[PDB]
Amino acid sequence: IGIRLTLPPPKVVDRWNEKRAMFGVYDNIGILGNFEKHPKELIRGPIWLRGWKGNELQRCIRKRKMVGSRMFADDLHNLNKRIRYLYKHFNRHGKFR
Amino acid sequence: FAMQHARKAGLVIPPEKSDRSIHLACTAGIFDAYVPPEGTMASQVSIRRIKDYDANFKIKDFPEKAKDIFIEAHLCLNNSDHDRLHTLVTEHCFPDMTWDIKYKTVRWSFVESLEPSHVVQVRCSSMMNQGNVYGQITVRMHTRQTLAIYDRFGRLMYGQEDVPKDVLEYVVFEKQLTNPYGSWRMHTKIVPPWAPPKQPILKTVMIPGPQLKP
Amino acid sequence: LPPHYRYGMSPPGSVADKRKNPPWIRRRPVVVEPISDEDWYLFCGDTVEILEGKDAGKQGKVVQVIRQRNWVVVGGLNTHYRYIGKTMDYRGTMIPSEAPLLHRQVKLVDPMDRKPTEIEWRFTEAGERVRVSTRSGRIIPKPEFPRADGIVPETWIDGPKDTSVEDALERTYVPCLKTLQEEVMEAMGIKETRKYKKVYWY
Amino acid sequence: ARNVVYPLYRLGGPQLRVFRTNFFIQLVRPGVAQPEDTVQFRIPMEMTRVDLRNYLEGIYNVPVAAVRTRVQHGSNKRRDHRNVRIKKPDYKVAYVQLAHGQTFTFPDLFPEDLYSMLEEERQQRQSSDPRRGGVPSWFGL
Amino acid sequence: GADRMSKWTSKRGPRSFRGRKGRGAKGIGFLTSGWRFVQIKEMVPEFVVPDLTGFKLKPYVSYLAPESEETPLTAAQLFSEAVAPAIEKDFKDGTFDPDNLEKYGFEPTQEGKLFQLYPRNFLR
Amino acid sequence: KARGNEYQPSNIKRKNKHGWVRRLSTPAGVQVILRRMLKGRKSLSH
Amino acid sequence: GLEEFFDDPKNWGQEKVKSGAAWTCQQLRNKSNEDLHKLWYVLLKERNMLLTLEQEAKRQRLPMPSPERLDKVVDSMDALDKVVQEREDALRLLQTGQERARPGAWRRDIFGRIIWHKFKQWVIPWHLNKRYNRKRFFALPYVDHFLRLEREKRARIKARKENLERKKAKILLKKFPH
Amino acid sequence: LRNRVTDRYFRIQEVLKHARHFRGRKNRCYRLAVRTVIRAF
Amino acid sequence: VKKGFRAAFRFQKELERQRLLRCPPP
RNA sequence: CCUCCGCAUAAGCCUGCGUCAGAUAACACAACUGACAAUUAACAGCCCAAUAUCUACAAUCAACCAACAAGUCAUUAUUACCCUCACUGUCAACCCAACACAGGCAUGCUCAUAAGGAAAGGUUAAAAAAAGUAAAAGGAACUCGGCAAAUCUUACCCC
RNA sequence: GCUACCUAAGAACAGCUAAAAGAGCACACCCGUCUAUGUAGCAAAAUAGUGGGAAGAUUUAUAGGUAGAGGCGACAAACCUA
RNA sequence: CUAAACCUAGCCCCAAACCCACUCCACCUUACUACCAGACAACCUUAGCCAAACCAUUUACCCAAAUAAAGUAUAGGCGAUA
Ligand SMILES: [Mg+2]
Ligand SMILES: [Mg+2]
Ligand SMILES: [Mg+2]
Ligand SMILES: [Mg+2]
Ligand SMILES: [Mg+2]
Ligand SMILES: [Mg+2]
Ligand SMILES: [Mg+2]
Ligand SMILES: [Mg+2]
Ligand SMILES: [Mg+2]
Ligand SMILES: [Mg+2]
Ligand SMILES: [Mg+2]
Ligand SMILES: [Mg+2]
Ligand SMILES: [Mg+2]
Ligand SMILES: [Mg+2]
Ligand SMILES: [Mg+2]
Ligand SMILES: [Mg+2]
Ligand SMILES: [Mg+2]
Ligand SMILES: [Mg+2]
Ligand SMILES: [Mg+2]
Ligand SMILES: [Mg+2]
């Protein structure tokens, strides 16, 4: 059986808190803030992605080139095997060739 | 055999010592049983000793509430309201009253009171009961009631709801004086031997003799 | 004890506690409100009142208290019933058994007013620790208590293996600066002329 | 003393002396019957006979004739619920042969309210008569 | 096969390991001349046992004694109360200098003393 | 003739072939130990 | 001679034996040097007596009268040891200036782990013998790579626990308003 | 796991609901009914 | 437990339906 | 009624059918769980201060005879040399074979035992089947082949 | 630590013939010729019987050494932890 | 009836911050073992699978600012690819 006999507890959904009330603010700092800053440096996140898009390969090559020297040996070893398996995969495997 | 088995099994423990103590609300047993007939100074001291702990206390009105607590406590047995019965009945009086009625209902109606309930004596505890004291009152009761107990499947075990019959009982009440929230609650019955036995049961029974081995 | 240990009614090590909590059991934890001793203001023996839950609107004395799960034990208040006699043939005599109460559930009481009153945590300039009440100020003293170490400090008798108070507090120490082993030697009067020669250490 | 380094003695050096010894000894009742003079002692694994002899001779002031040494293996067969090996601590044993005529023998140690209300509660309890038929014996009717 | 969790012990090995291992017992002598062992009293310990006569102290303490706040001693505490009075007595009355420091008591060199302090020879 | 009886236990041979001192003496054997605390085994040697 | 290994016969067969409080480290400093030297052998005879009852109690399959009587002499004896070594170590720091009374030195083993290798007790120097030269008190170049590995695991353990207590702090902050 | 079907219980029960009258292990198990339920339809 | 409460909701409607068919009220 | 087994040492395991209580082929022998007890050194391991120096001639009852594969043992002069016998192993129905496995397993004595064990849970006594016993007359006619069994038998070829 | 070979010091081999033997018969012991049984079997190679050797190029305990592009091998393309 | 169900233990990615060692005893001889004369020490290109539909030249795997120049100068059985 996968279903549950008794119901789960009713999760209270606070639609008015600090985050959701102030959500979406300061996204147009460039449009009507005399372009002193860009909305891309606003987001909090890793250093290998701050206002930039990439696939599995693109994000990995950007990672090892930027922060790979600081990464662990095991994580760096798995990263090299990942791009090597994905390099050949996108290049040789699939349709459209 | 508990201590001997603990030795042989090997479940050794130290004596349970803790600052906490088990606080009771009723003394087990009684202090002095009124030997009834075939049909004093200590009483007035025990009466006025209860007054020293609760000055607003009367004696002439006690048999009224005694019969009032009597009929309503037994009406709770019919309704099977254990919560009200617990605050109205002691912890020594509860098992002997409510144990055997399991797996069966009960019916108890009050017709009237032939004679008025009358206090017989008043007794009181010493100071050497967990630093507490407990008083007791005895009251004779001569009334007429009906009794009809039905088992799990709704057939009468004995007695009929329509006919009442005379009955005589010497009810025993007691109360915790250390705290103020204590109240008078039924404790025990004297059940003297000279009194006659109740009505038998319509059903017949046997007994197994001594099982003689080879 | 193991991690995430549960502190029930009975204490650790008791037969009832190890039965309820063997070493192999792994049950859920309890998210109790973190209360540090700086803010803790509830000791044993104090008179405390209850105003909600079962048996609400009455007052009772604290029997004990456990600091882990922030539970209070009040005697004769919030008491359910249980049996203790043997269940083989006897039914088992009924007795009232107390239940725990959270620190937020329970409210302390002023001795003079004997009513539920809030609590504040202040220092008297003479020191050292004091508890004071709400809007109409009354200094609440601490209740007093037989510790488990000594049941009676005042009604104590010096046994044969117990040393007298005079022999305990009296001092005969002399700051001689001299080595312990050497100080014992002249007390015996023994002699030793051989000197300890150098040895290597590595 | 256990877990403490001793001084090196080379020829012409001082003598080794102990002031605050750390070893603790177990006078115990034996399992097998030894003679009247023989007594058993269970001690840590670091001691020997010559220091235990000077130990008993000095502290307790008893003459000692001889003593043997023995080692016992704590059974590591017990296993917890995790199937991990549970070993009991090993211990050294010493059978001391005492002096001329002391004739020591191990003496006996143990030759010889809530329960008050509970016990009396069970005697005032009345056995349900079979003639009653499982009826409650409380009611008057 | 063999177990690793079990602690290594003399019991597990052959005759050679059963004899050479040892169960933590300290040394008492040497062994020469056809396995003829030779102990020495200088290596055997000698328990220093005082007399107990006129000994009024008892192992247990009564609860009537008052509490005393913790005052762990130290180099500053011991010197300022024990040896310091000797300093003011000589400083205020006579003359002194860094030479002749043995008058007050000092450890210039350890070799030449029986009880070494670092590396200590005695035990406890 | 019949297999399974290969392991002829001998403690002196075990501590000589797979001994602490042997693995620490040889440079090759050192890799066995500090690869093991990396995994975190209790008995690093036998 | 041997009856001192047991308490008084009046206490035999007793379920609770009288016992006073344990020794305090402060007043033990207040006593002289020969006094606690005598008290050590008193607690020694006492401790052997209590532990004799312990084994005989387990043999007879019964509990001892006073369980906390046992540790009352244990916490007194180590406190006696605390007061003693507090006197000599202060003397050693006054006279010589060392803390441990056993020479040693920080050294890098073959595994690259820095440890306070305490110097052993020897008779002949280190350069003439052959045993001490085999200990190989140094690590090789290939070992520094493995040192990085457990360093990462030490950071993983910290990051796991630090992130755990952070996630703990979040869930009750949601439950409780505070 | 992030996305898992929760109503697998119901989409098979409607199949077995029509196949209750089948004989043997078909009405009890699922895949036996799937072979016969479409064939019966 | 797998996330979701919609399936558990309609299951309770199926439970009470069976409880109705098993022990229906008068 | 069996015993081609047994006893012990070495090797190996580490408390693994000793006492107490409990529940759980039969388990109330417990060899399962908890606690208690245990194997006491003479036996056997744990050794030798240095320098220089000596050491042709087997064993086989070692004698004769008799060889070849040519063999297992010794001290000496000087210097130094006070004390002393501690420590460790000591159990078991046991080990390596995933098992309480018909297997594997060195050494001394016993050569049928002073030691150690029980082929059959009970019944009926079908076939087929496995291991044996006996057989009229014949005696390899069966069979690729005297395979197997019985008996104690010769001669000739290839390699 | 099984096995293939080697290295250091050891152990065992009754008795009957010949009375010299990499000699003949034959125990312990080693090998596994042939037949049956078994084949999730007692056993990841065994049991019962019949057999070859059994004073030697014999068998075997103990310790060490030879490690894969290799080792070992009285070459079976064997053995080197089923 | 056997069963079924739960919501926690904790874990994963981030960011920020550089991180660890009883100081009672023992632990490189056979680790967790108190105590004796040795002259014993590391510094070496990675290779191959795979791709090129075989394979032999060759086939990124970082070593020091994100982006852009740029997949350009160029290299290359001028082929894959770099
Ligand atoms: Mg011994
Ligand atoms: Mg293993
Ligand atoms: Mg295997
Ligand atoms: Mg072998
Ligand atoms: Mg000997
Ligand atoms: Mg034996
Ligand atoms: Mg063999
Ligand atoms: Mg026999
Ligand atoms: Mg049969
Ligand atoms: Mg015939
Ligand atoms: Mg013929
Ligand atoms: Mg034919
Ligand atoms: Mg034919
Ligand atoms: Mg044949
Ligand atoms: Mg022979
Ligand atoms: Mg021949
Ligand atoms: Mg022959
Ligand atoms: Mg060969
Ligand atoms: Mg060939
Ligand atoms: Mg071939």
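Per the deposition metadata, cryo-EM was the technique used to determine this entry, at a resolution of 3.9 Å.

**Q** Explain the protein's contact with RNA strand L residue by residue, including any values.
**A** Inspection of the region around RNA strand L gives 72 residues, with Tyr87(A), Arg100(G), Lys118(G), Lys135(G) and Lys168(G) positioned closest. Sugar plus phosphate: this is where 64% of the atoms of RNA strand L within 4 Å of the protein reside. In the environment of RNA strand L, a sugar or linking oxygen lies 2.8 Å from a nitrogen or oxygen atom belonging to the side chain of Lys65(A). A distance of 3.0 Å separates a sugar or linking oxygen of RNA strand L from a polar side-chain atom of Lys130(G). Those elements that place two or more of their residues in the surface near RNA strand L are α2 (56-66) and α3 (73-92) of chain A, α1 (15-20) of chain E, α1 (11-17) and α2 (20-25) of chain F together with β2 (114-118) and α4 (143-175) of chain G. With 7 residues, the single largest contributor to the surface near RNA strand L is α4(G). Taken together, the residues that form the surface near RNA strand L break down as 29 nonpolar, 14 polar and 29 charged.

**Q** Describe the protein's contact with RNA strand J, with residues and values.
**A** As a matter of local geometry, RNA strand J sits amid 57 residues, with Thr48(D), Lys11(E), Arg18(E), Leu31(E) and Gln39(E) nearest to it. The sugar-phosphate backbone supplies 73% of the atoms of RNA strand J found within 4 Å of the protein. At a separation of 3.2 Å, a sugar or linking oxygen of RNA strand J approaches a polar side-chain atom of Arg70(D). Interatomic distance of 2.7 Å between a side-chain N/O atom of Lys41(E) and a sugar or linking oxygen of RNA strand J.

**Q** Please provide a residue-by-residue account of the UniProt feature "domain: KOW" in chain C, values included.
**A** Cross-referencing UniProt, the feature "domain: KOW" maps to residues 42-75 of chain C in the present numbering. Counting secondary structure, residues 42-75 of chain C comes out at 0% helix and 50% strand; the distance between its end C-alpha atoms is 16 Å.

**Q** Please set out empty space enclosed by the protein residue by residue, giving values where relevant.
**A** In this structure, the largest cavity spans a volume of roughly 190 Å³. Forming the walls of the largest cavity are 17 residues, and the residues nearest its centre are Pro7(D), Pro14(D), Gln15(D), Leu16(D) and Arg17(D). Here the lining of the largest cavity is built from residues that sort into 11 nonpolar, 3 polar and 3 charged. Taken as a whole, the second largest cavity holds about 150 Å³ of empty space. Elements with a contribution of two residues or more to the lining of the second largest cavity: α3 (180-188) of chain C together with α3 (68-95) of chain G. Residue contributions to the lining of the second largest cavity peak at 3 residues, all from α3(G). Here the lining of the second largest cavity is built from residues that sort into 8 nonpolar, 2 polar and 4 charged.

Definitions and limits used
Residues numbered from 1 in each chain as written, not as in the entry; some residues may be left out. Chains lettered and ligands numbered in written order. Part of a larger assembly, values for the part shown. Heavy atoms only, no water. Near = heavy atom within 4 Å. Polar contact = N/O pair within 3.5 Å; in protein donor to acceptor, adjacent residues only side chain to side chain. Helix = DSSP H or I, 4+ residues; strand = E, 2+ residues; numbered from the N terminus. Nonpolar A, V, L, I, M, F, W, Y, C, P; charged D, E, K, R; others polar. UniProt positions renumbered as here; feature names shortened; annotations may be inferred. 1 Å grid on protein atoms, 1.4 Å probe; cavity = no way out; pocket = protein on both sides within 12 Å on 5 of 7 lines; lining within 4 Å. Points joined across faces, edges and corners; volume = space filled by probe spheres on them.

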